[PDB]
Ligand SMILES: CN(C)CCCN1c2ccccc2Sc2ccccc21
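As structure tokens, one chain now follows by itself in the form deposited without the ligand.
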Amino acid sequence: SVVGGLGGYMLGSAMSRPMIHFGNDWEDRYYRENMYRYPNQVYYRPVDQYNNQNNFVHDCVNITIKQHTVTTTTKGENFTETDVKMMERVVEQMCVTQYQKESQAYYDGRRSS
């Protein structure tokens, strides 16, 4: 797929795509049925330019949303805020799990000790 809008984001490591407990049985299935649609990797930036944890993990995930939506559209498709909501919740914790490396690689910089 050709995102285009990724010229300085990079691709994470792939990982085990976590399930979620939405608390409600129709949403449990909604994700785990549609799960094949959802991205197996996340997109990110050097946390060297960031400061807040939150703001990075935000942009990380939300770029990983618009990567996936906009490289699905351009041919008579769109997402819905549901499939987005499900992806956000999963791609967040995935984005943390990849981030925790980028984060240590960052703190290793700073002056090394």
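Heads up: residue numbers just count along the shown sequence, starting at 1.
There is another form of this protein, the form solved in complex with the ligand, and it is not shown here; the text below is about that form.
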Given the pose of the ligand in the deposited bound form, superimposed onto this structure around the site, is the binding site open or blocked (3 or more ligand atoms closer than 2.4 Å to backbone or C-beta atoms counts as blocked)?
blocked
Please determine whether each residue of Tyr43, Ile63 and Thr71 possesses a non-hydrogen atom within 4.5 angstroms of the ligand in the deposited bound form.
yes
At 4.5 Å between heavy atoms, is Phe22 in contact with the ligand in the deposited bound form?
no
Within 4.5 Å of the ligand in the deposited bound form: residues from 5-21 (heavy atom criterion):
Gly5, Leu6, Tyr9
